[PDB]
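Participant: before I ask anything, here's the sequence and the deposited coordinates:
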There are 4 protein chains.
Amino acid sequence: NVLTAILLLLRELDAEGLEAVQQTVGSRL
Amino acid sequence: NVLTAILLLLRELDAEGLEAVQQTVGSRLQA
Amino acid sequence: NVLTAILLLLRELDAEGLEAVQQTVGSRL
Amino acid sequence: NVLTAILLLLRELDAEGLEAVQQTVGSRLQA
Ligand SMILES: [Cl-]
Ligand SMILES: [Cl-]
Ligand SMILES: [Cl-]
Ligand SMILES: [Cl-]
């Protein structure tokens, strides 16, 4: 359920927030 | 706010979920 | 982490969304 | 949207988390 919630929430973000997410995700992978 | 919630939820994801977020965000950023 | 995220997200909601949350939570308790 | 995400996340909470959401929403609704 957490993945679905995150993906739904991503479209409240603009470019700067998406870059923050991408950097956190990359550091975790 | 929404960003802070997302970053906290990322700590709960497994590898496959992280890869799906990576692919989705990359598609949003590149277009 | 899920509780904190939910509580943070609640202030994006107005009265109608809060009532939806309260009804779902009550049915779960 | 945010509402749909919240309702999905509620399925992941334990009893104590549900009670904390109940108390927070009730305080927001009553004021
Ligand atoms: Cl998940
Ligand atoms: Cl999106
Ligand atoms: Cl939690
Ligand atoms: Cl609130």
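Facilitator: On my side now, so go ahead. Residues are numbered from 1 along each chain as shown, chains lettered A, B, ... in the order given. Ligands and ions are numbered 1, 2, ... in the order given.
Participant: residue A:28 contacts residue B:17, correct?
Facilitator: No. Residue A:28 lies out of contact with residue B:17 (CB atoms under 8 Å); the separation is 10.2 Å. Every residue, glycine included, has its C-beta placed from N, CA and C.
Participant: between these two, which is the more surrounded one?
Facilitator: residue B:17 (18 against 13; other CB atoms under 10 Å in any protein chain shown).
Participant: can you give me phi and psi for that one?
Facilitator: phi -70, psi -40 (degrees, to the nearest 10).
Participant: return the residues of chain A in contact with chain C.
Facilitator: A:2, A:9, A:12 (CB under 8 Å from any CB of the partner chain).
Participant: enumerate every residue touching the second one.
Facilitator: Taking CB atoms under 8 Å, 6 or more residues apart in numbering or on different chains as the criterion, residue A:9 is in contact with B:2, B:5, B:6, C:9, D:1, D:2, D:5.
Participant: repeat for residue A:26
Facilitator: Here residue A:26 is in contact with residue B:22 (CB under 8 Å, 6+ apart).
Participant: repeat for residue A:6
Facilitator: Here residue A:6 is in contact with B:6, B:9, B:10, B:13, B:17, B:21, D:5 (CB under 8 Å, 6+ apart).
Participant: what about stretch A:3-19 and ligand 3, touching?
Facilitator: No. Remark: stretch A:3-19 sits outside contact range of ligand 3, by CB under 5 Å from the ion, the gap being at least 12.7 Å.
Participant: now the terminal residues of that stretch, how far apart.
Facilitator: 18 Å (CA to CA, to the nearest Å).
Participant: and it, how far out from the chain's middle?
Facilitator: 5 Å (CA atoms, centre = their mean, to the nearest Å).
Participant: can you check stretch A:10-23 too?
Facilitator: On CA atoms, centre = their mean, the centre of stretch A:10-23 falls 6 Å from the chain's centre.
Participant: and chain A, which residues reach chain D?
Facilitator: A:1, A:2, A:4, A:5, A:6, A:8, A:9, A:11, A:12.
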